[PDB]
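Structure record follows, encoded as structure tokens.
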Amino acid sequence: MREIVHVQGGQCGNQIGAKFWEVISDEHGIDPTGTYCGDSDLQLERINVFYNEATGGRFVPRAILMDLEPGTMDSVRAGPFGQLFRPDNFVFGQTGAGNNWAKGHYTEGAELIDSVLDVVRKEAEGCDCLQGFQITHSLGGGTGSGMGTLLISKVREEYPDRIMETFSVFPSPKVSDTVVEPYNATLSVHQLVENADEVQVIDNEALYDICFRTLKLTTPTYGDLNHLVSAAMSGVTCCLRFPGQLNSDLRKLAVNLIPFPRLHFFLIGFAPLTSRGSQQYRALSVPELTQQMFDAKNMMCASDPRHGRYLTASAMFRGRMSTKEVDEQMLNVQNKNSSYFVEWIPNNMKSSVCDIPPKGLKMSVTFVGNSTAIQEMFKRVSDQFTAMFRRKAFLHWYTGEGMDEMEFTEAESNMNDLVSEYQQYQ
Amino acid sequence: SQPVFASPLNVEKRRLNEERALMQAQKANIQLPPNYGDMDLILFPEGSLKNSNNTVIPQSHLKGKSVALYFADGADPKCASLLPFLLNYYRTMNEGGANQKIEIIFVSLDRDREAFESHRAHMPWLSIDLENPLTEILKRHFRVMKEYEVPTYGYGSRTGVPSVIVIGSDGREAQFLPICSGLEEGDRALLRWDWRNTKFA
Amino acid sequence: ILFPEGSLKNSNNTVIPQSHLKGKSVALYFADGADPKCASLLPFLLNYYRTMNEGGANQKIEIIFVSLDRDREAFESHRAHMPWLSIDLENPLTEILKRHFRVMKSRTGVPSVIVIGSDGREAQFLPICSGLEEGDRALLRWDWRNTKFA
Amino acid sequence: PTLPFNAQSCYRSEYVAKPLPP
Amino acid sequence: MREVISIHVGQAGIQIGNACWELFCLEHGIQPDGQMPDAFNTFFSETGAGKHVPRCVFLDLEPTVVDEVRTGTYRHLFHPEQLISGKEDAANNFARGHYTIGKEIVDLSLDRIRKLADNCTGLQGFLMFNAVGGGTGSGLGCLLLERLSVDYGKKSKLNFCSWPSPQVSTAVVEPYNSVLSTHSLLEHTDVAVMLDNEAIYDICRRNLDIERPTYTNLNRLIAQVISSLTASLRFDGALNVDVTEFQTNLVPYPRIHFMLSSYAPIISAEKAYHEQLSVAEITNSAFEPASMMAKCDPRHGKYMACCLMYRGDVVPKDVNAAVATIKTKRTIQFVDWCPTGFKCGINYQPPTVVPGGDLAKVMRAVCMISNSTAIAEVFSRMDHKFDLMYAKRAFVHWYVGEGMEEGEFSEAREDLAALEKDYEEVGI
């Protein structure tokens, strides 16, 4: 049938993925040992989309774990749902790309691609016909931003008639992890725009804002924050697994969102986001789901959407809700928030009604949107690159490992060009 | 085998009726096992129903009236909301004629005897006592449950408490009143009742 | 049932059941012998009792007295003032009610007449020693017409 | 590990065994 | 459904509101837990099945009283984001609320109203609750009421004010705060029910025979008036009147919209036992100089418009005869150009009652609202109290230092002078 291969690259990807497989497993009701209980045909009829039977009732996920240091791959092994993964699925580097894109890509990474492609195609050809891939990486680090974008380029040329969606974490406005930040991001954007179909942006600090305000949690760990991405990254792919009235797919929303091939960078929002205190005092309906999903303090990218106009936007509703109440409201918001959208697209919005609500919750929506509000975000990465290039700071750590100074000049030109189209289309 | 197969009323029904079917077939062209159409059962036994005067009435008293079961809990807020409107509907609809029109049976999802009697003091229609097994048998028959406690056999919850089910002579679900259902007409779904074509024959 | 079969005694120290109270307004009187305030409130209460029973053809009001005295020697000595019912100091019921209605020798203290409804359900505090502080005059605001034991 | 999910599709709900015309 | 929205600004309106929504919960039979064990749609929404949520907004710049509402009785029936709390109180300064510190709450408030007002059409009006004398009630009350006038130009909005009394003022800057209030609370609002506090002080001591009350008795008594005002929006009756045709009946010209109130009966269990409150005499007590709630004798003014919601069992016999009696009275003088003056309203629902409060259950009530010229000196009294203090610049530098300008104080002078000039112009 239809298969989605999961690849997890880098430290951030491997952490974020281990929480994702927890959300999928209990959405389908699978014991962490791998066996089945939960008693429903409709949660089970589409299980080959992520899992493979192994003759003891069990499911091993079609996930491959990759990293250039074995530190965080034992983290997922020892931690929750570590028994589920396949030991052959792990691929180790013993050295570690120390936040260096150069050794992520050219020098150090090249001798490990010969192994990671082995397992991926071994899982690929086992089925009838593959549908797509999904990759979790952060564009800050080395073993995700460079070591990941090479695996993007290799599997794309092997199987050009399939798709891929990458959940990517970028830099931040104020606080700044990984002081060689703009080098790894810009070098990865100009590769990611050339070899990948869809990219969901995530920022730590719109994501820090949400848990401070909405969830009302004072000291937020990695576990609870990844649980908030994993629900969204489960929500976008509900429709492949569960039936509904107005069905969707990755390719269904791939063609419906992007007008032109070079701009495919998407924002994510999720709703409802309710603290413990306000949980019993809300009467969850389709109206305020739309009002929650169009909120500047709700999106997971630290861009205020009020600067730009939304170009194309999709809504994967989830549960049993009536459908004029669906469609009439997207009409409402498009007419009411006339300045928020773009005039040269009639019916800016897109809808989908996936028939099974998340577990325990009753009425959920997951908002994906191609905005032009990433004018300010990529011009942020741009001037950070210019600030650290004229002084030529930290260039030696890259140049000494087969890098070229010509690559950085192309990278800025090839990313200032991406800014050009966002501003052009107002 | 309507509306479900795996219900205690239907297992008792099947056992009794084909016991009788085999006996008379041997004693005599008769189709075994008997069709669900051909089967006959007594739904409410001798001492089940008891009215507003605390007097037991037989099943034959319910002939000619649209009867409906009402699964209620004393402490459930939704049931506390639905009760006044069901009472008012009973009031007006039965007052407005020189003929009895509808009748309500009370089936208790309540916790205990005290609370059951306290809640039953408010209702002017018939009821089945909570210690009577017929309450649990009717719950499993019509697949109403507040929580997955009793196993269901690949089915789901038909509804939640509160619910009104217009019934027939043989345990047929004549129609479901959408109080808390796929439609959610809280307090308003009672007007959907087609009392003319669902008489307890 | 608020009171078991033996917590109530009349003026002649003979037990009466729960059922006898019905038809008429009933109040609990939290008090003690030693207190100047109880000494000052007792006679006003006596006159109120007398007039509210005299003016008409029914019994309208009835008082059950709960003691916070030190022991028995004070208990009979302050019970012999009273032509109404009282709860024995040696029954547990006194400590349960004490703790329940929150008089303490903490929000409220002696004296405190509080009218009692159907089942628990105190109707009004009778602001004799409260924020209102209607000394010997709060007594009049009793609503016997509204509350009748049943 | 889950206790069982008991919401049901609209198609399964309502296109059921109707009593037949003869 | 047809509805009305409630706004409480400052320490005055907040605990009035505490007394307000206590009754409405008891009127509809909903417990403080929030659940009961279409008539209420005009004041309460629905949350799932069986849970009802108030449709009000609270607004105050300090959390010292806002927190007190949240941790009180209504922890679960209210909503946490329904209450808006700032950081620093305006502290008896018109300039602190209207100019500097208020701006950070208006953007938060505007968002709330817009989210509450958009969903259902057929809204009817708004209900302010504030003290004129208090700073936040005057300051942040104004800019919110100013902003609502610009946005929903179409829409009715009632005001309820606690005007400073001729003796008791409880603040030194009451004359400054009030005259500044009404310049910017003449134009923006529609109708403003004037109330004084020492008026109700003599109410509690004479009819309700309590020799010293406090705030929880004041707010309990204003809650009965507003519940008798707006029951017609909630429940049915033989003849009911809403918000939108109060202003039709009572406001002849756009400036003259400051009016009094009175409520009969105001009688304890002392005397509800002892006499009828018959229609022939509850209206007589309504016109009595005692029962009015705005501390000015109507003998030295001319009545011009009156509105009388009888609530409870009144047969129309008694109405007509009682009306005719009032015209015959020579002590009550109407203005000659206004032959009719009375807009009767009879409801059928009995009067409501707090439990364990000083209000006795009565089988009929009258809530009389009266546009009269007796307001003329109440405006000139505060004008005189302004004239003393303005004479040498006292307490000006607080207002000036915050961001106001000297000179807008002057603009309020001819504004209030025009208001006193109008009443003496109209009432001849």
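Note that we place each Cβ from the backbone using ideal geometry, even for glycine, and neighbour counts take in every protein chain shown. Taken together, the values in this text are just the output of simple stated rules run on the coordinates, not laboratory data.
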Open item on the list: Explain nothing, just the number: relative contact order of the range A:1-50, from Cα pairs under 8 Å at least 6 residues apart, as a whole percent.
Closed with: 48 percent
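Under unit Cβ charges (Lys, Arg +1; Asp, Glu -1), what dipole magnitude, rounded to 20 debye, does the range A:133-287 have relative to its Cα centre? Display every interim value, and only then the final one.
Numbers: 12 positive and 14 negative charges, 111 e Å.
Taking the Cα centre of the range A:133-287 as origin, the dipole is about 540 debye.
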Task: Given E:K154/E:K421; C:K9/E:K271; E:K51/E:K154; B:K101/B:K139, the pairs whose alpha carbons are separated by over 27 Å - done: E:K154/E:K421; C:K9/E:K271; E:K51/E:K154
Open item on the list: Can you compute the FRET efficiency between B:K146 and E:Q349 using 1/(1 + (r/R0)^6), with r the Cβ-Cβ distance and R0 = 56 Å? Round to the nearest 0.05.
Closed with: 0.95
Task: Per-residue [θ]222 nm for the protein assembly as shown (sum of -39500 (n - 2.57) over DSSP H runs n ≥ 4, rounded to 500) - done: -10500 deg cm²/dmol
Task: Cα gyration tensor, the range B:89-186 - rounded (a/c under 1.5), prolate or oblate - done: oblate
- [ ] Enumerate the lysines that A:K379 could reach by cross-link, defined here as Cα to Cα under 18 Å, with residues fewer than 8 away along the same chain left out.
- [x] A:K174
Task: Set A:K297/E:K115; B:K63/B:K199; A:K362/B:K146; B:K13/D:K18; E:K317/E:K343 screened for pairs whose C-alpha atoms are more than 19 Å apart - done: B:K13/D:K18
Task: Burial ordering of A:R282, E:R299, fewest other beta-carbon atoms within 10 Å first - done: E:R299, A:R282
- [ ] For the range E:305-337 and the range B:18-91, write down the distance between their C-alpha centroids in whole Å.
- [x] 62 Å
Open item on the list: Apply the a/c threshold of 1.5 to the C-alpha gyration tensor of the range E:237-337 and tell me whether it is rounded, prolate or oblate.
Closed with: prolate
Task: Rounded to 5, percent antiparallel among DSSP beta bridges of the protein assembly as shown - done: 40 percent
- [ ] Give, rounded to the nearest 20 debye, the magnitude of the charge dipole that the range A:280-413 has about its Cα centre when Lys and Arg contribute +1 at Cβ and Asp and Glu contribute -1 at Cβ.
- [x] 660 debye
Task: Computed magnitude of the charge dipole of the protein assembly as shown (debye, nearest 20; Cβ of K, R +1, Cβ of D, E -1) - done: 3620 debye
- [ ] Within 10 Å of each Cβ in peptide D:4-15, how many partner chain Cβ atoms are there on average? Round it to a whole number, please.
- [x] 6
Task: Of A:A78, C:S40, E:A417, farthest towards positive along the dipole that unit charges on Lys, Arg, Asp, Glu beta carbons give the protein assembly as shown - done: C:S40
TODO: Please report E:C307, E:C120 as a ranked list, fewest other C-beta atoms within 10 angstrom at the top and most at the bottom.
DONE: E:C120, E:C307
TODO: Using Cα positions and a limit of under 17 Å, work out the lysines in reach of C:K37, with same-chain residues fewer than 8 apart set aside.
DONE: C:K105
Task: Selected from A:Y159, A:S248, A:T218, residue furthest toward positive end of dipole (chain A; charges at beta carbon) - done: A:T218
TODO: Of the options A:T290, C:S11, A:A231, report the single residue whose Cα projects farthest towards the positive end of the charge dipole of the protein assembly as shown (beta-carbon charges: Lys, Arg +1; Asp, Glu -1).
DONE: C:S11
TODO: Please say if the range C:26-150 is rounded, prolate or oblate, where rounded means a/c under 1.5 for a ≥ b ≥ c the square roots of the C-alpha gyration tensor eigenvalues, and otherwise the choice is prolate for a/b larger than b/c and oblate otherwise?
DONE: rounded
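Within a 10 angstrom radius of the beta carbon, how do A:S145, C:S67, A:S153 rank from fewest other beta carbons to most?
The order, fewest Cβ neighbours first, is A:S153, C:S67, A:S145.
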Open item on the list: If you take every DSSP beta bridge fully contained in the range E:1-120, what fraction is antiparallel? Give it as a percent rounded to 5.
Closed with: 40 percent
